[PDB]
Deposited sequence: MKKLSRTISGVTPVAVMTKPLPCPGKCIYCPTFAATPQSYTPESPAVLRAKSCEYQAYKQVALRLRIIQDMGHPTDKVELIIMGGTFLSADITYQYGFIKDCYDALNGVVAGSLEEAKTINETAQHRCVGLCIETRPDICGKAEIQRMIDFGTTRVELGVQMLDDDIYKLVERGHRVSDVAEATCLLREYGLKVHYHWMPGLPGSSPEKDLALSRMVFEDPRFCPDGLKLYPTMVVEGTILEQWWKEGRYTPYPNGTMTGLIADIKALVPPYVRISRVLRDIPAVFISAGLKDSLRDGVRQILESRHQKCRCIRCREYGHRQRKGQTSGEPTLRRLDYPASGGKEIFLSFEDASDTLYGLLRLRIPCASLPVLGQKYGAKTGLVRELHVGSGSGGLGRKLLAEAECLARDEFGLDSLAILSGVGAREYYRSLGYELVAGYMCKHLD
């Protein structure tokens, strides 16, 4: 059985930036997907974490789908900007709902979940590029975050974002670098058809985001921009300040964007990407520079180029995480290890390869893996041990 997503929304928060013109509540990506099951559910649950997760679990169980492996997805983009107590409480609430038991603290809920029935093998947080510094990242590690979706939308400072205030490309670069240096998965939100853009511009930037070492995310979450009633884009469309791409245009652009994605990239819509090769396989290696460090994409693929497993190995520019003296000053980061139905030992093979590369080719002391709490046991059975949120192992 595969991993089941559990997507929940945080409460409507005020705008992170002080501005008398800014809207009452911060703009979310879900403002333009108002008929999504999860956002309607969230509104009906008054945005309470526990209730949302419980409801979603019942729904999944009623569909006949598995719940042993779960990925938590925290939606909004402004969550990390809220009050700290609210953040820790919200996360704790989620784990409590997964566990079926209420714990004393967040750490107890996490430790309980390590062996619970509904394992949290991943935790994804949506955040804005400018709300993503060392402090926020450390909090995310406290939460047990495995993946971060950055609200990049489009990579040009002269293009209007869908959120208030917007952000700069530099912010995206910095946030991406920091996310990588802490061993997290990085996905970009990608909105083609934004005001002040063009299909050509969107295509060029799409090509650029996979060539520039400052960027190159692990995944793109494509949000095809479209005039949604009740939003500000509706007003701009009224005023003629904005005209959306025709269906054929947008579709063509999406196709062209899918046509240029590197092997190590996943594409999802709200094609030779990861998602599209899901399915004797052999081991493949693909190196590429990123954020001053090196990224190594290992995979298991057959002559049909169908994907069976992957591992993302980072050789970091610096050792930002603190793990004590036992694991040296130079450590590699396994930012992802994913394996399809069956296999399982393909994971063992990938990990062995990773350890060998880190020990021999790059002369690293240890390997650290930012695992989800429901996946920690897996790595414990491979010789890793929990240190400061990471699953670490000395290379010998």
Which parts of the deposited sequence lack C-alpha coordinates?
-> 1-8, 279-309, 319-329
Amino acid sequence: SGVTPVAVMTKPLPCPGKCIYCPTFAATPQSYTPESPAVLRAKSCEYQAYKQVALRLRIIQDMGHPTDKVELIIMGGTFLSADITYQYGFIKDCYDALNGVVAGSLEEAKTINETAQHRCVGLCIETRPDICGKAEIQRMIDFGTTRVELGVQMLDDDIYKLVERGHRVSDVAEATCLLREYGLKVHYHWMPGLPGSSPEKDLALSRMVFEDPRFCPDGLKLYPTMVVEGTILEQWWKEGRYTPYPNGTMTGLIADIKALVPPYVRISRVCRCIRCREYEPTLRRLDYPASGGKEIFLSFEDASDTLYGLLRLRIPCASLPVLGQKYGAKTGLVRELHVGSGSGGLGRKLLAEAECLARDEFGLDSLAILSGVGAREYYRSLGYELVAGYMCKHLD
From here on, numbers count along this sequence of modelled residues.
Out of 121-129 and 296-304, which one has CA B-factors that are higher on average in the deposited record?
-> 296-304
Could you check the entry and say whether 39-47 or 339-347 has the higher mean CA B-factor?
-> 339-347
Of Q87, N99, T146, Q325, which one's C-alpha B factor is largest in the deposited record?
-> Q325
Going by the CA temperature factor in the entry, name the top one among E164, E234, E71, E114.
-> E234
For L57, does the deposited CA B-factor place it in the lowest, middle or highest third of the chain?
-> lowest
Among all modelled residues of this chain, ranked by Cα B factor, put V152 in the bottom, middle or top third, i.e. lowest, middle or highest.
-> lowest
What third of its chain's C-alpha B-factors does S366 belong to: lowest, middle or highest?
-> highest
Third assignment of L395 from its chain's C-alpha B-factors = highest
Of the three thirds of its chain by CA temperature factor, lowest, middle or highest, which one includes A352?
-> middle
